[PDB]
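What follows is a set of notes on a single structure, which appears directly below.
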Protein chains: 4
Amino acid sequence: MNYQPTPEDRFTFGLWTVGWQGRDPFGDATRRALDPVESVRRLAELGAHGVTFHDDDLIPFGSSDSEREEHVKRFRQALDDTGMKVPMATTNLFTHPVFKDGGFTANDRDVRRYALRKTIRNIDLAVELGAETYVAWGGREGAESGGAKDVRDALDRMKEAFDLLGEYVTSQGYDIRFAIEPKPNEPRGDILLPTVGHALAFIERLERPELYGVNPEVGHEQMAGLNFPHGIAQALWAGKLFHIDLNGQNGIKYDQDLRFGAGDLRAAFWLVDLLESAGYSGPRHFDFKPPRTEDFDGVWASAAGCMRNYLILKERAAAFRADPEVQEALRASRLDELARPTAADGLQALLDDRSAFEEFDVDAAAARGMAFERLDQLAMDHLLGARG
Amino acid sequence: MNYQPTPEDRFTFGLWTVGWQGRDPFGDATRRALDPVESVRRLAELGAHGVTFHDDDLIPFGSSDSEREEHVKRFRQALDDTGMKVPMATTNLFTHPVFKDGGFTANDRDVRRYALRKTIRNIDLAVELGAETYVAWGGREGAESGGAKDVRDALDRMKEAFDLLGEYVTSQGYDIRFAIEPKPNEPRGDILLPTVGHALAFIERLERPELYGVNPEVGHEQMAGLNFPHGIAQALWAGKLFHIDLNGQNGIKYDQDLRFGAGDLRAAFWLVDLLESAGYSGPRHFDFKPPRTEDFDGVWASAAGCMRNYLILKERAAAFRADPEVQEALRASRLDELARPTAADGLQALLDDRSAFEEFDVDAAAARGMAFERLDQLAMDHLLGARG
Amino acid sequence: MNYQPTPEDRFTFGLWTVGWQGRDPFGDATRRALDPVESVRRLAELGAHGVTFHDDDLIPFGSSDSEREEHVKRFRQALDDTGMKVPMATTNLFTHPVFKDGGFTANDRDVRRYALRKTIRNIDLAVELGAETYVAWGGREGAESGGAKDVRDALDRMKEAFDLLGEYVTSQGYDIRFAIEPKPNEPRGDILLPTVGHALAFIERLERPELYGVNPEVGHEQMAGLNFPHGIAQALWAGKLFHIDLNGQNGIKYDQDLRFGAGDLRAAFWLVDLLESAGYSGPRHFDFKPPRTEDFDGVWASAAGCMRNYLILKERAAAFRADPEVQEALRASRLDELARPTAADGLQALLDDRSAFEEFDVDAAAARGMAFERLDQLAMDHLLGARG
Amino acid sequence: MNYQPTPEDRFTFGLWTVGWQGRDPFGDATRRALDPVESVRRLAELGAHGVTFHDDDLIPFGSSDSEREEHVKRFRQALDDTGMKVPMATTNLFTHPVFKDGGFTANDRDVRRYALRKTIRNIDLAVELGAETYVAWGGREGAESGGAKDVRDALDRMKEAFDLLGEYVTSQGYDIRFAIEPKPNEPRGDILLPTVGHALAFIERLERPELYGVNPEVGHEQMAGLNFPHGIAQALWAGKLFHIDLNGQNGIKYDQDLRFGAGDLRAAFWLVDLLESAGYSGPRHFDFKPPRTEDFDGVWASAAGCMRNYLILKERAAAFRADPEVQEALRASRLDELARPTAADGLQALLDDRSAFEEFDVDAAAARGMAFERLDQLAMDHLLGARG
């Protein structure tokens, strides 16, 4: 009963994950830099489907158009030699000191304009490489103090930036969509569009809402103590789940970027159950960092672990849903009634329905148990492979 | 330099705040019940503008149409004798055991129908009493376990419920709007529409979005570690801040419901600054609980404290914004540039602008300090009244 | 491969767990009261070893010495008829309004004296029933505001109370030990002795430290975002783990009291691994609350779930430790070197050892991978029963 | 009414605070390195009393004994030219890749030995420079996964390390004490001795407990959602507050290191009140980082802000305690009774005292209000300078 991934599983990794050198706020790098070409080859051997990148991961910042073309060619050759795809790309608008107060929402106008040009340049490259989704993580859009940022003006600037990107994409006739990646904090004290909900609401104010979706990350929502599977269901409900970032996080603290499966294991189970049940067909992207305690063999073991854990959880969720005893427990808990309209009969009928109020036996209804604990223990038994 | 409130300040209190008996999950009541009429009179003496209520605060659950009319008449007389208004009303869809799995999203269909009828009945009463806003806090809409609730179906049921309420209001020609009150958790393990952002996004999927807004609470957003003033700015930006609940909370833990001003004091300062700067003209409603350590004299002192703290903060925020030294610091930090469009010149102009990329001096821009610390210390000095 | 508990497993339950009526801060009870005798019989059928109680769970507050003797006799008969033991007892110094500001640390002296007499009376009863451990949870010792409690004076009062209890126990020649149960908050804004560490440190200042230990609870430490297994290891290291409370908690929020196994599943695995490896022989006590969504059948299913989950985890931890591949991975990660003294050779030898500094190759040491990710994936595979 | 600091105020700064270049996990440095000599001179001009250092801040890692003597001489001359003192020093056992799994608790024995030699070398230097306290922050002592560290063995290694350091200090006849600095997490997933309480408890197991105390940091305890003033009171109660680190933190998230006064303002007020009331005479040390948005002028403004905020709070706390109306409110809330022994009359007298149980009127006692809200509003008015 093994769990070997194949490119058909659509597992992708960012170059910066497996390529993280181990530098954290309190320590120096513990691993040497990885050549993107090497990463592509190693990931392909592990069974990955593709890779993603920030412009600066692929092309060192400040590169000449000559070196730039050279880095792209090398990368292209690696993709051709392995069959790896690049379904998503993004811009690095957070590392360089110039973005210390943000990219799209920097107080300095000239920085905002530079941010847009840097993004547009990489959008062209993304399309050339076949990316279908372009992610935007405003890691520097935010503040550490209240008067440093008028949030209403910042949201005006954020909308202006995304509206312009939408105009560019449309004018070039590109077949690419945007996904906003929310995060509540870190590296800024508080970051704008802190959760999936804030990002969804913001999108509805853009000129062309259909071009934008969300790219939620497990750890990000968990940094706000939120239920990740619940947030993903809302994004799916709105038809906005364009991409997803998978990793592990142990509660409310710094962003750990643990391999997927680590952190909140039951939440990972419920997330996989939802993604598979809902038919999500986008990439299963891992944005994680192999701990700095590891050498390169630990890096690859960590990456393989991500995929393995997703596949084990997929098997367990499928068995849970396919179990007749579980199907009967779902009915006992009335999940079937939850899916039925409350009043398909209409408003007037509801108002005239005496069984809905005047003659409703509130005490009999209140005495009915939901049987949620037995259902949950069945879910637990399935997760642990203890069904008998 | 005192701070006496007057009804013109629009401070309102829920009957259940000052009327909280002190029963918590680990202890019995420490105070006797308050007659709503008494609360109305005491609050009027303190300078309040009005009160709010859940149907069950005013009319004991299970009351006959006869007793019901009697309770309303008494309340009306109290309002007439004091000049107090009732700008907001809401339904109690959380106390009675029948709502143990929710009201609008209960798995049991018959409960959902009952929830709608109970709400509609109180909407009629709210209009009669002159309420302009009707709040909905789905405290029981949620779960403690993953399989107990299919969130996509629950959101379908939530939309159905709000859509029906919107149809009812329109058909009756009522001049009343709805405000959804989000909360991340408690009493449920996780509650649906957990933050202001989730509520805003949800509203955009309703049939008549213009009839719905949000009713955010200080403590609620802080339970998710979020920046309350930031969330309020987004709601204002979207034009959805129909009402607001003020209180105090010390971090991520159970909902404390401390008096306004307590908890995160600087966040309270920044919230007041924003509300006043943006011209919010709705009620300043306090949803708090005087601690159970207090007797009735402590209850009124706690209520008076809420208003006093808001007025002190209002004075300090106004002085901060009116201070020429602060106005110069805002310019030094480029808040003025944040308010200017990034590219009013248009996309094509931006693409052709060499100063935006090809000739942009990234190192000179990066070296500019934001001067945010001096600005923040000026804000601190103003808050503490230490300006000299 | 089933998991049936037997009294030999030492699983115990508090009368108040399975007996919780479902009253929370926002709702009324959803279940009728359970007769303690009924609980004893039902728990015995499920395979429990014993029960625990607060004085007020067994004897209604304010009972006459006559009724008191009657309640005890009935309970005794239930214990005799089932073979159930009562290894731990505690006092309720939190429900009654008189303890609104605490028991042992109430500002009112007369309340503190009453608290001690109420405790002493139940200590006598506990010994009579054969309890070996007496737990103290100061749920009301704390504050919501800074000036309400001088913490240094409160700690003086806390020590005075425990010192007197120690004097009483010694003078009566009782064979019973005390266990302090820490909690960071709820129902008070902040509670004194908030974590296992604070409780351990406090104990070292008591007159007879050997009579006191800690009674940590999974959910409590997790409310402060702490690693429960780590805290338990420190308590074991100090030889102070006299008792332990098991349950489930999903992060930093109100105390959920979910059944054991729910909440942080991996932390539960690591806790069981530690308890079994260290040879903890005290009771495996469950302090949890079956959710108020449940009827009585759900209550018993929830209680059975606690025991089942502990037994599944025990099996998985044992297999993990017994796996030769894991034993080799532990060596690869140098857990064996962690157990060896750093300098059994002594200070002077260390100072004279050139290989420890002057000739130590810091770069070669730094390049060694810890191989922690492979080890953790082996732990994950074992937990999920995916070893192959 | 200004607030100018003077060296008599005992404000100290770590070289690494004002010297932080701005490199965070997601970005490069935004400021050039500061020469320690320059920092000493700038801080002296601002009114600081002294500075502190990690060995590696003063002497670049890997320096020859020649360069080492050169760096120390330059530093000494700066101290002599300014009158600045160096009351505390510490070791950097976290930056270099060799400490990726810890220093004192690394699984590799050779690393642990190296850690001790590096520490001992800097202890000699600290004494030479006149430091009275030697701090130890085990930032790398911990783990990201459960099987990576046996906590009981790690605590054995931790005790061994501190015991050896204590033996060294005693054998050299040095007049210096150690202070353990706890932190719950970051950079490790979970760090050993996570809070003040854990550190206090650990100290009681050392061979010479009198040589060790704690060095708590505002932000650290707040990362676990704990009440900092409460933790400081316990450390004072135990006589273990040897040093203290001041800064600002906004809730549970990454360690922000905001200037003191920022973050939780009311907690800062209560901390200052306690330190001054208790007569703490050690340094008021600031371990903070001026945000990376700032240039050098912002760095000095941020440092000056720390001192200014402490002095404003000191003034407000003193006025609060000196206010007769507050003194009467303290009596109304019975803070005076909290300071009186519960039973100086002894155990037997308490048992025979019928007014303590048999004849105690529990209902009359329960009805007494604590008057805590009025007291807290008086504290608020004083903090805000709104007393009239």
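The way I read the labels, and the way they are meant: chains A, B, ... in the order of the structure tokens, residue 1 as the first residue of every chain, and ligand 1 as the first ligand shown, with later ones counted on from there.
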Shell of 10 Å around region 181-189 of chain C, only C-alpha atoms, local chain residues under 5 positions omitted, as a JSON list (two decimals) with N, CA and C atoms, in the first residue's frame:
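To be explicit, this is the file written out as selection.json:
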[["chain", "number", "residue", "atom", "x", "y", "z"],
["B", 24, "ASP", "N", -21.16, 32.83, 33.67],
["B", 24, "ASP", "CA", -20.16, 32.49, 32.68],
["B", 24, "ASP", "C", -20.05, 30.95, 32.62],
["B", 25, "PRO", "N", -19.16, 30.38, 31.79],
["B", 25, "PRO", "CA", -19.18, 28.92, 31.74],
["B", 25, "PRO", "C", -18.80, 28.19, 33.03],
["B", 26, "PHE", "N", -18.16, 28.90, 33.95],
["B", 26, "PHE", "CA", -17.73, 28.29, 35.20],
["B", 26, "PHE", "C", -18.40, 28.86, 36.45],
["B", 27, "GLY", "N", -19.44, 29.67, 36.29],
["B", 27, "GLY", "CA", -20.07, 30.24, 37.46],
["B", 27, "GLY", "C", -21.48, 30.75, 37.31],
["B", 249, "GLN", "N", -10.74, 44.05, 24.35],
["B", 249, "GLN", "CA", -10.29, 42.67, 24.31],
["B", 249, "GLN", "C", -8.78, 42.61, 24.46],
["B", 250, "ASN", "N", -8.29, 41.72, 25.32],
["B", 250, "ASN", "CA", -6.85, 41.56, 25.51],
["B", 250, "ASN", "C", -6.29, 40.36, 24.77],
["B", 253, "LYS", "N", -8.07, 35.03, 22.90],
["B", 253, "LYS", "CA", -8.63, 34.19, 23.97],
["B", 253, "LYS", "C", -10.14, 34.32, 23.91],
["B", 254, "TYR", "N", -10.84, 33.85, 24.95],
["B", 254, "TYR", "CA", -12.29, 33.97, 24.99],
["B", 254, "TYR", "C", -12.67, 35.44, 24.81],
["B", 255, "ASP", "N", -13.91, 35.67, 24.37],
["B", 255, "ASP", "CA", -14.43, 37.01, 24.17],
["B", 255, "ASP", "C", -14.67, 37.64, 25.54],
["B", 256, "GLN", "N", -13.84, 38.63, 25.87],
["B", 256, "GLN", "CA", -13.88, 39.28, 27.17],
["B", 256, "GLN", "C", -14.99, 40.30, 27.37],
["B", 258, "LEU", "N", -14.79, 43.58, 27.45],
["B", 258, "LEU", "CA", -14.39, 44.58, 28.42],
["B", 258, "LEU", "C", -14.94, 45.92, 27.94],
["B", 291, "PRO", "N", -17.75, 43.34, 34.31],
["B", 291, "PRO", "CA", -17.29, 42.08, 34.91],
["B", 291, "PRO", "C", -18.18, 41.62, 36.06],
["B", 292, "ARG", "N", -18.27, 40.31, 36.24],
["B", 292, "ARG", "CA", -19.14, 39.73, 37.27],
["B", 292, "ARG", "C", -18.66, 40.02, 38.70],
["C", 94, "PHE", "N", -15.02, 27.91, 42.43],
["C", 94, "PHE", "CA", -15.24, 28.81, 41.30],
["C", 94, "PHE", "C", -16.67, 29.10, 40.86],
["C", 100, "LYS", "N", -16.27, 34.98, 43.27],
["C", 100, "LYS", "CA", -16.13, 35.81, 42.09],
["C", 100, "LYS", "C", -14.78, 36.49, 41.97],
["C", 101, "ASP", "N", -14.08, 36.70, 43.08],
["C", 101, "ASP", "CA", -12.76, 37.31, 43.03],
["C", 101, "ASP", "C", -11.70, 36.32, 43.48],
["C", 102, "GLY", "N", -12.07, 35.04, 43.52],
["C", 102, "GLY", "CA", -11.12, 34.02, 43.92],
["C", 102, "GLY", "C", -11.52, 33.29, 45.18],
["C", 135, "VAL", "N", -6.51, 17.67, 43.79],
["C", 135, "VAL", "CA", -6.22, 18.72, 42.83],
["C", 135, "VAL", "C", -6.77, 20.08, 43.22],
["C", 136, "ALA", "N", -6.02, 21.11, 42.86],
["C", 136, "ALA", "CA", -6.44, 22.47, 43.11],
["C", 136, "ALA", "C", -6.30, 23.26, 41.81],
["C", 137, "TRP", "N", -7.44, 23.72, 41.28],
["C", 137, "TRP", "CA", -7.46, 24.56, 40.08],
["C", 137, "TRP", "C", -8.00, 25.92, 40.52],
["C", 138, "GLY", "N", -7.12, 26.92, 40.60],
["C", 138, "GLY", "CA", -7.56, 28.25, 41.00],
["C", 138, "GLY", "C", -8.13, 29.01, 39.82],
["C", 139, "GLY", "N", -9.31, 28.59, 39.37],
["C", 139, "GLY", "CA", -9.94, 29.22, 38.23],
["C", 139, "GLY", "C", -10.34, 30.66, 38.41],
["C", 140, "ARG", "N", -10.56, 31.07, 39.66],
["C", 140, "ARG", "CA", -10.95, 32.45, 39.95],
["C", 140, "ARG", "C", -9.81, 33.29, 40.52],
["C", 141, "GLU", "N", -8.62, 32.71, 40.65],
["C", 141, "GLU", "CA", -7.48, 33.45, 41.18],
["C", 141, "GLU", "C", -6.88, 34.20, 40.02],
["C", 142, "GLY", "N", -7.13, 35.50, 39.97],
["C", 142, "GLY", "CA", -6.63, 36.28, 38.86],
["C", 142, "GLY", "C", -7.27, 37.65, 38.79],
["C", 143, "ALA", "N", -7.39, 38.17, 37.57],
["C", 143, "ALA", "CA", -7.95, 39.49, 37.40],
["C", 143, "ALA", "C", -8.27, 39.82, 35.95],
["C", 144, "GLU", "N", -9.06, 40.88, 35.77],
["C", 144, "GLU", "CA", -9.41, 41.40, 34.46],
["C", 144, "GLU", "C", -8.72, 42.77, 34.30],
["C", 145, "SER", "N", -8.27, 43.34, 35.42],
["C", 145, "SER", "CA", -7.60, 44.65, 35.38],
["C", 145, "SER", "C", -6.37, 44.68, 36.28],
["C", 194, "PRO", "N", -0.18, 30.63, 35.51],
["C", 194, "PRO", "CA", -0.75, 30.36, 34.18],
["C", 194, "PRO", "C", -0.28, 29.15, 33.38],
["C", 195, "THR", "N", 0.89, 28.61, 33.70],
["C", 195, "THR", "CA", 1.37, 27.46, 32.97],
["C", 195, "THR", "C", 2.04, 26.50, 33.92],
["C", 196, "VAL", "N", 2.35, 25.33, 33.40],
["C", 196, "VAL", "CA", 3.06, 24.31, 34.15],
["C", 196, "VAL", "C", 4.33, 24.87, 34.80],
["C", 197, "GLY", "N", 5.08, 25.68, 34.06],
["C", 197, "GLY", "CA", 6.31, 26.23, 34.60],
["C", 197, "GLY", "C", 6.09, 27.12, 35.81],
["C", 198, "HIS", "N", 5.10, 28.00, 35.73],
["C", 198, "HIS", "CA", 4.80, 28.89, 36.85],
["C", 198, "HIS", "C", 4.40, 28.09, 38.08],
["C", 199, "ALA", "N", 3.65, 27.01, 37.87],
["C", 199, "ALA", "CA", 3.22, 26.17, 38.98],
["C", 199, "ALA", "C", 4.42, 25.44, 39.59],
["C", 200, "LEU", "N", 5.31, 24.90, 38.75],
["C", 200, "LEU", "CA", 6.50, 24.22, 39.26],
["C", 200, "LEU", "C", 7.38, 25.16, 40.10],
["C", 213, "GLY", "N", 2.69, 18.69, 43.52],
["C", 213, "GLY", "CA", 3.08, 18.45, 42.14],
["C", 213, "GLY", "C", 2.15, 19.22, 41.23],
["C", 214, "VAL", "N", 2.14, 18.89, 39.95],
["C", 214, "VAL", "CA", 1.26, 19.57, 39.01],
["C", 214, "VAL", "C", 0.27, 18.62, 38.36],
["C", 215, "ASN", "N", -0.86, 19.19, 37.94],
["C", 215, "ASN", "CA", -1.90, 18.46, 37.24],
["C", 215, "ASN", "C", -2.14, 19.25, 35.95],
["C", 216, "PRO", "N", -1.27, 19.07, 34.95],
["C", 216, "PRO", "CA", -1.39, 19.81, 33.69],
["C", 216, "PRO", "C", -2.53, 19.30, 32.82],
["C", 217, "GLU", "N", -3.10, 20.18, 32.01],
["C", 217, "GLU", "CA", -4.17, 19.80, 31.09],
["C", 217, "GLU", "C", -3.75, 20.17, 29.68],
["C", 219, "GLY", "N", -5.39, 21.06, 26.92],
["C", 219, "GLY", "CA", -5.98, 22.29, 26.42],
["C", 219, "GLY", "C", -5.46, 23.55, 27.07],
["C", 220, "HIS", "N", -5.21, 23.50, 28.37],
["C", 220, "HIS", "CA", -4.71, 24.68, 29.09],
["C", 220, "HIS", "C", -3.41, 25.22, 28.52],
["C", 221, "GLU", "N", -2.40, 24.37, 28.38],
["C", 221, "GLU", "CA", -1.11, 24.82, 27.84],
["C", 221, "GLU", "C", -1.24, 25.26, 26.40],
["C", 222, "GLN", "N", -2.14, 24.61, 25.67],
["C", 222, "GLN", "CA", -2.33, 24.94, 24.28],
["C", 222, "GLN", "C", -3.02, 26.30, 24.11],
["C", 223, "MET", "N", -3.68, 26.78, 25.17],
["C", 223, "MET", "CA", -4.33, 28.10, 25.16],
["C", 223, "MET", "C", -3.28, 29.20, 25.20],
["C", 224, "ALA", "N", -2.05, 28.82, 25.56],
["C", 224, "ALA", "CA", -0.94, 29.76, 25.58],
["C", 224, "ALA", "C", -0.01, 29.44, 24.40],
["C", 243, "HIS", "N", -0.40, 13.90, 38.34],
["C", 243, "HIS", "CA", -1.66, 13.59, 37.69],
["C", 243, "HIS", "C", -1.65, 14.30, 36.34],
["C", 244, "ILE", "N", -2.58, 13.94, 35.46],
["C", 244, "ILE", "CA", -2.65, 14.60, 34.16],
["C", 244, "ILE", "C", -4.07, 14.60, 33.62],
["C", 245, "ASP", "N", -4.47, 15.72, 33.01],
["C", 245, "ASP", "CA", -5.80, 15.88, 32.43],
["C", 245, "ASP", "C", -5.69, 15.87, 30.91],
["C", 253, "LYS", "N", -7.79, 29.94, 21.86],
["C", 253, "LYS", "CA", -9.17, 30.44, 21.94],
["C", 253, "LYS", "C", -9.76, 29.94, 23.25],
["C", 254, "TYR", "N", -11.08, 30.05, 23.41],
["C", 254, "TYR", "CA", -11.73, 29.56, 24.61],
["C", 254, "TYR", "C", -11.37, 28.09, 24.81],
["C", 255, "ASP", "N", -11.49, 27.62, 26.05],
["C", 255, "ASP", "CA", -11.20, 26.23, 26.40],
["C", 255, "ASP", "C", -12.32, 25.36, 25.82],
["D", 224, "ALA", "N", 3.19, 34.36, 23.98],
["D", 224, "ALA", "CA", 2.45, 33.23, 24.53],
["D", 224, "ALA", "C", 1.12, 33.75, 25.10],
["D", 225, "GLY", "N", 0.80, 35.01, 24.80],
["D", 225, "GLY", "CA", -0.44, 35.60, 25.28],
["D", 225, "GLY", "C", -0.51, 35.80, 26.78],
["D", 226, "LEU", "N", 0.64, 35.78, 27.44],
["D", 226, "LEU", "CA", 0.69, 35.94, 28.89],
["D", 226, "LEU", "C", 0.74, 37.41, 29.35],
["D", 227, "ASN", "N", 0.40, 37.62, 30.61],
["D", 227, "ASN", "CA", 0.39, 38.95, 31.21],
["D", 227, "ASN", "C", 1.79, 39.20, 31.72]]
Give the residues of chain B that lie within 6 Å of chain D; count only C-alpha atoms, and format the answer as number ranges by chain. B: 251, 293-295, 298, 302, 369-371, 373, 384
Let's have the selection written as an mmCIF file, in the first residue's frame, with N, CA and C atoms.
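Result file is selection-v2.cif:
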data_model
loop_
_atom_site.group_PDB
_atom_site.id
_atom_site.type_symbol
_atom_site.label_atom_id
_atom_site.label_comp_id
_atom_site.auth_asym_id
_atom_site.auth_seq_id
_atom_site.Cartn_x
_atom_site.Cartn_y
_atom_site.Cartn_z
ATOM 1 N N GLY B 251 -6.114 40.500 23.463
ATOM 2 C CA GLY B 251 -5.525 39.426 22.696
ATOM 3 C C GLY B 251 -6.429 38.285 22.294
ATOM 4 N N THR B 293 -17.509 40.668 38.829
ATOM 5 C CA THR B 293 -16.993 41.041 40.142
ATOM 6 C C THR B 293 -17.768 42.255 40.666
ATOM 7 N N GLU B 294 -18.461 42.935 39.760
ATOM 8 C CA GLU B 294 -19.146 44.170 40.102
ATOM 9 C C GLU B 294 -20.594 44.060 40.574
ATOM 10 N N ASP B 295 -20.994 45.022 41.405
ATOM 11 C CA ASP B 295 -22.387 45.122 41.833
ATOM 12 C C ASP B 295 -23.010 46.156 40.885
ATOM 13 N N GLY B 298 -21.081 49.257 40.052
ATOM 14 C CA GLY B 298 -19.968 48.968 39.160
ATOM 15 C C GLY B 298 -20.444 48.837 37.720
ATOM 16 N N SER B 302 -19.030 51.175 34.789
ATOM 17 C CA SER B 302 -18.431 50.539 33.620
ATOM 18 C C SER B 302 -19.023 51.111 32.321
ATOM 19 N N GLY B 369 14.421 57.255 4.041
ATOM 20 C CA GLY B 369 13.754 56.760 5.228
ATOM 21 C C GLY B 369 12.282 57.122 5.183
ATOM 22 N N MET B 370 11.427 56.287 5.768
ATOM 23 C CA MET B 370 9.996 56.575 5.777
ATOM 24 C C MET B 370 9.618 57.515 6.918
ATOM 25 N N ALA B 371 10.525 57.692 7.878
ATOM 26 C CA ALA B 371 10.277 58.554 9.033
ATOM 27 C C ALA B 371 9.016 58.141 9.797
ATOM 28 N N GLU B 373 8.792 56.206 12.554
ATOM 29 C CA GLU B 373 8.955 56.178 14.003
ATOM 30 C C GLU B 373 8.704 57.536 14.658
ATOM 31 N N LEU B 384 -1.106 60.260 24.988
ATOM 32 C CA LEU B 384 -0.803 60.407 26.407
ATOM 33 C C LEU B 384 -0.915 61.839 26.916
#
Shell of 9 Å around residue 86 (chain D), only C-alpha atoms, local chain residues under 6 positions omitted, as a PDB file with N, CA and C atoms, in the first residue's frame:
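See selection_33.pdb below for the written result:
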ATOM      1  N   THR D  12      19.686  51.234  29.136  1.00  0.00           N
ATOM      2  CA  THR D  12      20.771  50.617  28.397  1.00  0.00           C
ATOM      3  C   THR D  12      20.228  50.059  27.091  1.00  0.00           C
ATOM      4  N   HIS D  49      22.619  55.157  29.777  1.00  0.00           N
ATOM      5  CA  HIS D  49      23.526  54.844  30.876  1.00  0.00           C
ATOM      6  C   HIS D  49      24.605  53.859  30.416  1.00  0.00           C
ATOM      7  N   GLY D  50      24.256  52.963  29.489  1.00  0.00           N
ATOM      8  CA  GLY D  50      25.225  51.983  29.037  1.00  0.00           C
ATOM      9  C   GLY D  50      24.778  51.147  27.858  1.00  0.00           C
ATOM     10  N   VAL D  51      25.625  50.197  27.478  1.00  0.00           N
ATOM     11  CA  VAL D  51      25.330  49.302  26.367  1.00  0.00           C
ATOM     12  C   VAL D  51      25.627  47.873  26.777  1.00  0.00           C
ATOM     13  N   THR D  52      25.131  46.935  25.979  1.00  0.00           N
ATOM     14  CA  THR D  52      25.358  45.524  26.219  1.00  0.00           C
ATOM     15  C   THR D  52      25.790  44.925  24.896  1.00  0.00           C
ATOM     16  N   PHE D  53      26.298  43.703  24.923  1.00  0.00           N
ATOM     17  CA  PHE D  53      26.743  43.100  23.681  1.00  0.00           C
ATOM     18  C   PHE D  53      26.776  41.587  23.736  1.00  0.00           C
ATOM     19  N   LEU D  79      34.038  53.887  25.668  1.00  0.00           N
ATOM     20  CA  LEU D  79      33.388  53.869  26.972  1.00  0.00           C
ATOM     21  C   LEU D  79      34.028  54.914  27.890  1.00  0.00           C
ATOM     22  N   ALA D 126      33.506  39.892  29.740  1.00  0.00           N
ATOM     23  CA  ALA D 126      32.437  40.617  30.418  1.00  0.00           C
ATOM     24  C   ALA D 126      32.897  41.170  31.774  1.00  0.00           C
ATOM     25  N   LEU D 129      35.200  44.085  31.446  1.00  0.00           N
ATOM     26  CA  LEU D 129      34.471  45.310  31.113  1.00  0.00           C
ATOM     27  C   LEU D 129      33.526  45.789  32.217  1.00  0.00           C
ATOM     28  N   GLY D 130      33.473  45.050  33.320  1.00  0.00           N
ATOM     29  CA  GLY D 130      32.634  45.446  34.442  1.00  0.00           C
ATOM     30  C   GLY D 130      31.181  44.999  34.460  1.00  0.00           C
ATOM     31  N   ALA D 131      30.809  44.042  33.611  1.00  0.00           N
ATOM     32  CA  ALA D 131      29.430  43.562  33.581  1.00  0.00           C
ATOM     33  C   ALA D 131      29.092  42.807  34.861  1.00  0.00           C
ATOM     34  N   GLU D 132      27.909  43.070  35.409  1.00  0.00           N
ATOM     35  CA  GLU D 132      27.462  42.412  36.633  1.00  0.00           C
ATOM     36  C   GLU D 132      26.514  41.247  36.349  1.00  0.00           C
TER      37      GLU D 132
END
Enumerate as a count of residues only all residues of region 55-216 of chain C assigned to alpha helix (DSSP H) by DSSP on the backbone, naming them with the chain letters and numbers the document uses. 71
CA of residue 72 (chain C) and CA of residue 128 (chain C) are how many Å apart?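 These atoms are spaced 10.3 Å apart.
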Identify, on the basis of only C-alpha atoms, every residue whose closest approach to residue 233 (chain A) does not exceed 8 Å; exclude the query and any residue fewer than 2 positions from it along the same chain; express the result as a ChimeraX atom specification. /A:229-231,235-237,274 /B:151-152
